[PDB]
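The chain below stands alone and is given as structure tokens, in the form deposited in one PDB entry.
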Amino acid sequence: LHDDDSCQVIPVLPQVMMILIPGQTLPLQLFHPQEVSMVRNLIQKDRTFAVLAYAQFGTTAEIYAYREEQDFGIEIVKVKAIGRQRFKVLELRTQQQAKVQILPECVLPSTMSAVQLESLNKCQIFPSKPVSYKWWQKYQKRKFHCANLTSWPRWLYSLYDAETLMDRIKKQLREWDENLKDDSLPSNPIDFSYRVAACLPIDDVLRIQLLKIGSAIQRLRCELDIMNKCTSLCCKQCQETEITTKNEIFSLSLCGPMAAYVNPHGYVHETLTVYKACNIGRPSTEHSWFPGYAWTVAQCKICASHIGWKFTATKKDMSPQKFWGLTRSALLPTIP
């Protein structure tokens, strides 16, 4: 990690084209010797490189995986990385070691940290949650009782409390993912926010905004603003033709409803899995990202831009069969 609000210079990979969320995996595939040379020195010194977002902000990444597939007389290096701290660029100079100013995380005490009665301070710790809709009222009443000392009520203060918001987000992620109830979601809100920013099918301009947000409380609200209003996902190159909606979002396996995958040639594709959608080829199985499924290309019916893939296979009564996979980069969320 880097000192908060410090200025360091970090190498940048020119092949990367993604906007990196902290706590998100960055698959790679490197052919040219210039990129491969950079990965080597990183594991020796800091193991950190920059992933510029498009050129104002970005995220640093740490190398955590490193394979070597010397095949057909050429060395194909397979590296995975995870995002660290956000930043704002100072000056890039392809010699591209970029001058970088680290952006610190803005943490805030509870809304009642100043209006809490010293007599009621000892009653601020609760017995652990039973694993209900009745319990959460007691949480609001007990922790926000001291809102009567202020001009604002209890229910309003709940919509700025990390724990209150974080549960409502988890409630929706249980519809998308049937296997998302345990320790799969960090307890710390600053990390919980970043984890949903990657897990959300949203275009790039939204992803940059959620990176510029300083407080996780704001980020959590912004992430909930998106999850409640944008029920529709459309095509970005024609806009007014809606492809699929939130109600069909499915999670095929453990890695959530949206996971990063790589094509045989080295191109990252974050494919959201759904059940049906509206608006090229025959079932092929080579390099099938989902074992037991055969991929088929799909495009839009107004602009003919790439939308994603449809996976269909036989086996037996394998669940599911008719399910799609749309790439994030070619999706635009809209408000129905």
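We number the residues from 1 along the sequence you see. Definition used throughout: the rigid core is the maximal C-alpha set that superposes within 1.5 Å between two forms.
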Note how many residues of the deposited chain are left out of the model between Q95 and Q96; the options are none, 1 to 3, 4 to 9, and 10 or more.
4 to 9
Quick check on the record: how many residues from the deposited sequence are absent from the model between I125 and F126 (none, 1 to 3, 4 to 9, 10 or more)?
none
Taking the mean of the C-alpha B-factors per stretch from the entry, tell me the winner out of 245-253 and 134-142.
245-253
Given the B-factors recorded for C-alpha atoms, which segment has the greater mean, 79-87 or 234-242?
234-242
Residue of maximum C-alpha B factor among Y160, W155, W176, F72, per deposited coordinates
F72
So if I compare the CA B-factors in the entry for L272, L26, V39, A50, which one is the largest?
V39
Place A197 in the lowest, middle or highest third of its chain's C-alpha B-factors, as listed in the PDB entry.
middle
Mind checking which third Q56 falls in for C-alpha B-factor across the chain?
highest
Looking at the temperature factor on the CA atom of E35, which third of the chain's modelled residues does it land in?
middle
Within-chain third of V205 by Cα B-factor, per the entry:
highest
Lowest, middle or highest third - CA B-factor, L20
middle
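Beyond what is shown, the protein has a form deposited in another entry; the following relates to that form.
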Option from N179, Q209, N121, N228 moving between the shown form and the other one, CA shift at or above 2 Å, rigid core reference
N179
Is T48 among the residues whose Cα moves by 2 Å or more between the shown form and the other one after superposition of the rigid core?
no
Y261 C-alpha shift between the shown form and the other one of 2 Å or more, rigid core reference:
yes
Rigid core superposed, CA of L252 - does it shift 2 Å or more between the shown form and the other one?
yes
Given a change of 3 Å or more, say if the Cα atoms of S253 and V196 sit closer or farther in the other entry than in this form.
closer
Specify closer or farther for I63 and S253: how their Cα atoms are spaced in the other entry versus the shown form, given a shift of 3 angstroms or more.
closer
